[PDB]
Structures are given as structure tokens and as C-alpha cells.
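*Asks:* Have a look at this one.
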Amino acid sequence: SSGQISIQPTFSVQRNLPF
Amino acid sequence: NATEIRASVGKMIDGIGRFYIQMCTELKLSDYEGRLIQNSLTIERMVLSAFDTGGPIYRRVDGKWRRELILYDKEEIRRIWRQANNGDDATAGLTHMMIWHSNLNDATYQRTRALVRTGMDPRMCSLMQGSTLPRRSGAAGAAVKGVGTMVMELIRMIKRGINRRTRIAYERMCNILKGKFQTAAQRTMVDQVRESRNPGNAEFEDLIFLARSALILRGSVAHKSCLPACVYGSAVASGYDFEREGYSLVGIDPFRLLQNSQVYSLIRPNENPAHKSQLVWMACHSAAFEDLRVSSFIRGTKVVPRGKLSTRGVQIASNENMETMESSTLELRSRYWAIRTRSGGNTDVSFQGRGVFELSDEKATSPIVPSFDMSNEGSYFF
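Take a look at the structure:
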């Protein structure tokens, strides 16, 4: 792996947050 | 209350501007040479060093770029700085460039070596926001930190100790920590950790847990749009008088400013300009751990993942040579803008109803909801 696994949100929008 | 908050931060922005201009006037740089993100960086660091020196300064001669290695009176720098801020310290100001550097580093580099050596999973990238950010950073400097960032600290503070006044730190460092969480248990479990004076592997193992809980039940972490000194210097020089006209780091102000910025950058022979601009753009908003989908949406153009990114770093190392070196104009404009948030979402759709704003929509009047049914290109910058 060694990669990302979740997304840190930077903006305020309607977005399914990935993990 | 748009008086203090909007105008006081304008005053801190004026300082950076004014200073950058003064400092450019010393180095006797040109307009093109003051817009070189490279030189700007060097200057910014010269200052943060002096308030806590020399650096690499690139010059433009017929055709090719000449790198000068120069040194300045550490105090002279401190003198010129206050001159610009009315003889004030404006810690905010230094802290601001303290972040611009942070946000650039959290996007240029992946800090795995450190996570593992701490005993954190390398896949906990999205939680290390501001791991580079010196502890000297201010109170509104730590609010930008990811949950994972805090853990790497306590764990080292604890790891060497468990392996006087140091206590008030630990409790607070946790209170902050806890103030990241936005759910009952999350909040409560942090306390169960803060209970032990000599917190051993008991804690060591538990916070790591909570670290992973944030991967799903994220916390509140503020994002600050901090642009390079040159951008503010140039703006100040162009007449913009921010303390009077107001400025933000989480509103439309920063995007709008970057809609007219003329920033240039040194670029290695085989590197892709478009790819270079991308990088800087993501450092201008702390979008190094954002969902690539949304970043590209707001950006206006593809926001390619780190691996597929053609570039090694914006600063030029002493190793390289200037003969085979040239410079491009950085594309920092964006399509829309969005309220840089602090919230991690909770219930999977988050920020229900929140949308993106056109660059004309000065006020937060009309929002726009993005629909991602689309041939995207990933979600994990890393």
C-alpha cells in the first residue's frame, strides 16, 4: 500500500467523503 | 463582525506585502525577479529564521538564470520586518508564512519515514496536516493541524519520557486534540487518555486507535489559504490596502487575489509546467489531502495525483546547475471557490447543502452543488 486511505476535507461542499 | 477579523488580518497581510517590497528593494531585484516564487521563498525563510541568515537568490541575465548565494544581518532582517509592521512584532504575520511553507510541504512531500518510526500507519497521510509546522506556530497555527499531527507529537514526547512544566503541555496538547473530535465517545476517550501522568503503551496504543477513528469520523481542522510573500507584496504595491478593504484566509479573498497574481517559477529541463502550477495551487489552499475530484472541480482543470506529477520540489537544490534551468509562469487561477471549512462531516454525504461559488459571487449568496457522475481521475492525491 503506502498510500492514502481517507480524504481530509478542505472545502465546504456536498461531497461523499472517501475512506 | 467584519471589523476586527476582516481588517485586522488585512493589516497582517499589509505587513508581509510592504516587507516583501522593502526586501526586494534591498536585493535590487527586478519585477520579474520579485515574482519568482523561488526568490520569494528564500526571503520568507530568511525572516522566520531571524525571528527564531542567508539564502539562494536567483537573478536574470541575458538568456540564463544566475543563482546568488547571499547573507544578511540576522538583525537587519528583524529591523526591516518591524519597520513594515509599524515596529510591531506581528507574530501572526510570521506565523502566516510559517503556514504557507507548511501547506507547501504537506503537498510537495509525503512524510512516511516519520510516521512509521513513530509507530503510526503510513496510510495515515490525510491526518498529518501541518506535521512540518514548527511548534513556535501560534494558537491559530495549531488549529490547522490534522488529528494525526497531534498524535505524532505526544507519542514522541511520551515515547522518550516513558522510555517538569512539560505537563501543562501534554494536557493542553490533548485538549486541542480533543477539540478536533466532534462526537461524544471520540471526545470522551481523549479524556480517558489524558488521565495518566506517565502514560505508557496503554495510551501509546489507544491514541493510535483514535487516530484511525478520524479516518472515518473525521475532526474539525481549519484550512488557511496562505499565499507566497510575493503575491501579497505585489498586491500591496498595486495599491491594495487590505487593512482598509478587508481580507480573509477562508473566504473569496484569497482566490480573488490569486486570480490576478503573476507568479513565476524555476522549472527543471524535463518537468511539466502545468504540473508545477498544480502543486503550488494545492499549497495555496491546503488541498494536499483533499478529494482530487473536488480539487479538480473547483480548480477548473485536472488535478493529477502525486505519483503522476512531474516535479520534485519547488526549491532548487545546491546540487543542480543553472545552465539547464528555465522558468515558467504558474497557473494559479481557479474555476470556482469554496468556503475553506474546518468540520470533518458527520452522519455518506457531508456538508449537506454546502456548495461552490462563482468568482463573481462575492457575497456567499448563491451556492452551486457539484455532481460527480463523471470520468474522474482518483480521490487520493497520495
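Taken in order, these protein sequences are the chains called B and A.
Read left to right, the first sequence gives residues 402 to 420 (the deposited numbering).
Read left to right, the second sequence gives residues 21 to 72, 92 to 202, 213 to 396, 455 to 489 (the deposited numbering).
Here a beta-carbon is modelled for each residue, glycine too, at the ideal position from N, C-alpha and C.
Under 8 Å between the Cβ atoms of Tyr289/A and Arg26/A?
*Replies:* As a working mapping, residue 289/A is identified with position 240 in the second sequence. As a working mapping, residue 26/A is identified with position 6 in the second sequence. No, the Cβ-Cβ distance between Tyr289/A and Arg26/A is not below 8 Å.
*Asks:* Are three or more beta carbon pairs between the stretch 338-351 of chain A and the stretch 100-110 of chain A nearer than 8 Å?
*Replies:* Segments in contact, no.
*Asks:* Figure out for me which residue from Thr378/A, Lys325/A, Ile197/A and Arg261/A has the closest Cα to the Cα of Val352/A.
*Replies:* For this step, residue 352/A is matched to residue 303 along the second sequence. When only C-alpha atoms are compared, the closest one is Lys325/A.
*Asks:* Beta-carbon within less than 7 Å of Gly268/A's beta-carbon, same chain only, minus the 5 sequence neighbours each way: which residues are those?
*Replies:* Locating residue 268/A in the second sequence gives position 219, where the first residue counts as 1. Counting only Cβ-Cβ distances below 7 Å, and skipping sequence neighbours, we find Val186, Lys229, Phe230, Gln231 and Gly393.
*Asks:* Give a yes or no on contact between the stretch 26-35 of chain A and the stretch 409-418 of chain B, applying the rule of three or more CB pairs nearer than 8 Å.
*Replies:* No, the stretch 26-35 of chain A is not in contact with the stretch 409-418 of chain B.
*Asks:* From the DSSP secondary-structure annotation, give me the bridge partner or partners of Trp386/A.
*Replies:* Position 337 of the second sequence, counted from the first residue, corresponds to residue 386/A. Paired residue(s): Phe464/A.
*Asks:* Pull up the DSSP beta-bridge partners for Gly93/A, would you.
*Replies:* As a working note, residue 93/A is residue 54 in the second sequence. Its beta-bridge partners are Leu110/A.
*Asks:* Looking only at C-alpha atoms, which of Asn247/A, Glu292/A, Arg389/A and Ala234/A sits nearest to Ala271/A?
*Replies:* Walking along the second sequence from the start, residue 271/A turns up at place 222. The option with the nearest alpha carbon to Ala271/A is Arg389/A.
*Asks:* Where does the unbroken beta strand (DSSP E) through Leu315/A begin, and where does it stop?
*Replies:* For the purposes of this step, residue 315/A is taken as residue 266 along the second sequence, with counting starting at 1. Counting along the chain, the beta strand (DSSP E) containing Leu315/A begins and ends at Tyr313 to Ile316.
*Asks:* Taking C-beta pairs closer than 7 Å, name the residues in chain B that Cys223/A reaches, listed in chain order.
*Replies:* Start at 1 with the first residue of the second sequence, and residue 223/A comes out as number 174. Within 7 Å Cβ-Cβ: nothing; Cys223/A doesn't reach chain B, min ~21 Å.
*Asks:* Could you check what DSSP says for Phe420/B in three-state terms: helix, strand or coil?
*Replies:* By one-based count along the first sequence, residue 420/B stands at place 19. In this structure, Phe420/B counts as coil in the three-state DSSP scheme.
*Asks:* Would you mind telling me which residues of chain B sit closer than 7 Å to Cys164/A, beta carbon to beta carbon, in chain order?
*Replies:* By one-based count along the second sequence, residue 164/A stands at place 125. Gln405, listed in chain order.
*Asks:* What residue does the beta strand (DSSP E) around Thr378/A start on, and which one ends it?
*Replies:* Stepping through the second sequence from its first residue, residue 378/A is reached at position 329. Unbroken beta strand (DSSP E) run through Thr378/A: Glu375 to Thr378.
*Asks:* Using 8 Å as the limit for Cβ to Cβ distance, is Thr151/A near chain B?
*Replies:* Within the second sequence, residue 151/A is the residue found at index 112, counting from 1. At least one chain B Cβ lies under 8 Å of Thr151/A.
*Asks:* Which residues bound the alpha helix (DSSP H) around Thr23/A?
*Replies:* Stepping through the second sequence from its first residue, residue 23/A is reached at position 3. No alpha helix (DSSP H) holds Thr23/A; DSSP gives it neither H nor E.
*Asks:* Within the stretch 253-325 of chain A, note down every full beta strand (DSSP E) run reaching 3 residues or more, in order along the chain.
*Replies:* Fully enclosed beta strand (DSSP E) runs of 3 or longer: 313-316.
*Asks:* Verify whether the separation of the beta carbon atoms of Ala70/A and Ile116/A is less than 8 Å.
*Replies:* The residue given as residue 70/A occupies position 50 in the second sequence. The residue given as residue 116/A occupies position 77 in the second sequence. The answer is yes: Cβ separation under 8 Å.
*Asks:* Taking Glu469/A and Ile301/A to be in contact with their CB atoms under 8 Å, please state how far apart those CB atoms are, rounded to whole angstroms.
*Replies:* Your numbering for residue 469/A matches position 362 in the second sequence. Your numbering for residue 301/A matches position 252 in the second sequence. 6 Å between Cβ atoms; contact.
*Asks:* Any beta carbon from chain B within less than 8 Å of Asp455/A's own beta carbon?
*Replies:* As a first step, residue 455/A must be located in the second sequence, where it is residue number 348. Judged by the 8 Å Cβ criterion, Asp455/A is in contact with chain B.
*Asks:* Using a Cβ-Cβ distance cut-off of 8 Å, determine whether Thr134/A contacts chain B.
*Replies:* One-based indexing of the second sequence puts residue 134/A at position 95. Not closer than 8 Å to any Cβ of chain B, the Cβ of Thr134/A fails to qualify, so no.
*Asks:* Between the stretch 322-344 of chain A and chain B, which residues of the former have CB atoms less than 7 Å from a CB of the latter, in chain order?
*Replies:* Those residues of the stretch 322-344 of chain A that come within reach of chain B (Cβ to Cβ, closer than 7 Å) are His334, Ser335, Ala336, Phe338, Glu339, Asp340 and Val343.
*Asks:* Leaving out the 5 sequence neighbours to the left and right, which residues in its chain are closer than 7 Å to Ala284/A when beta-carbon positions are compared?
*Replies:* Working through the second sequence from its first residue, we reach residue 284/A at position 235. Contacts found: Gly37 and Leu306.
*Asks:* What are the residues of the stretch 471-482 of chain A that lie near chain B, defined by any Cβ-Cβ distance shorter than 7 Å?
*Replies:* Flagged, chain order: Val476 and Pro477.
*Asks:* Chain B partners of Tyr487/A, CB-CB under 9 Å?
*Replies:* Translated into positions along the second sequence, residue 487/A becomes position 380. Those are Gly404, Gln405, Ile406, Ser407, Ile408 and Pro419, listed as they occur along chain B.
*Asks:* Is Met137/A closer than 8 Å to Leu172/A when the C-beta atoms are compared?
*Replies:* Position 133 of the second sequence, counting from 1, holds the residue named residue 172/A. Position 98 of the second sequence, counting from 1, holds the residue named residue 137/A. A contact, by the Cβ cut-off of 8 Å.
*Asks:* So what does DSSP say about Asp145/A, is it helix, strand or coil?
*Replies:* For the purposes of this step, residue 145/A is identified with residue 106 of the second sequence, where counting begins at 1. Three-state result, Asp145/A: helix.
*Asks:* What residues from the stretch 264-283 of chain A come within 9 Å of chain B, judged by C-beta to C-beta, listed N to C?
*Replies:* For the stretch 264-283 of chain A, which is checked against every Cβ of chain B, the residues closer than 9 Å are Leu264, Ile265, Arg267, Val270 and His272.
*Asks:* Tell me where the alpha helix (DSSP H) around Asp240/A begins and ends.
*Replies:* Sequence index remark: in the second sequence, residue 240/A carries index 191 (1-based). Residues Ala233 to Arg243.
*Asks:* Going by Cα to Cα distance, which pick from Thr396/A, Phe479/A and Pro474/A is closest to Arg461/A?
*Replies:* In the second sequence, residue 461/A corresponds to position 354, counting from 1. Out of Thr396/A, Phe479/A and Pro474/A, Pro474/A has the C-alpha closest to the C-alpha of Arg461/A.
*Asks:* Counting along the chain, where does the alpha helix (DSSP H) carrying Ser60/A start and finish?
*Replies:* Against the second sequence, residue 60/A aligns to sequence position 40. Note, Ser60/A: alpha helix (DSSP H), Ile57 to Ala70.
*Asks:* For residue 426/A, which residues in the same chain have their Cβ closer than 7 Å to its Cβ, ignoring the five residues on either side in sequence?
*Replies:* What the structure lacks is residue 426/A: chain A is numbered 396, then 455, with the residues between left out.
*Asks:* Whose C-alpha, out of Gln168/A, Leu133/A and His135/A, is nearest the C-alpha of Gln149/A?
*Replies:* Sequence index remark: in the second sequence, residue 149/A carries index 110 (1-based). If we check each option's Cα against that of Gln149/A, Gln168/A comes out closest.
*Asks:* Give the single residue among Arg384/A, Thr92/A, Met159/A and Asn321/A whose Cα lies nearest to the Cα of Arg348/A.
*Replies:* The sequence position of residue 348/A within the second sequence is 299, counting from 1. If we check each option's Cα against that of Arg348/A, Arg384/A comes out closest.
*Asks:* Which residue's Cα is closest to the Cα of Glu380/A: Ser457/A, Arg355/A, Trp330/A and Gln459/A?
*Replies:* Residue numbering aside, residue 380/A sits at position 331 when the second sequence is read from its first letter. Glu380/A has its Cα closest to that of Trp330/A, out of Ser457/A, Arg355/A, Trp330/A and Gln459/A.
*Asks:* Any idea what DSSP makes of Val100/A, helix, strand or coil?
*Replies:* One-based indexing of the second sequence puts residue 100/A at position 61. Coil at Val100/A, not helix or strand.
*Asks:* Are the beta-carbon atoms belonging to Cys279/A and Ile57/A less than 8 Å from one another?
*Replies:* Your numbering for residue 279/A matches position 230 in the second sequence. Your numbering for residue 57/A matches position 37 in the second sequence. Yes. Within cutoff.
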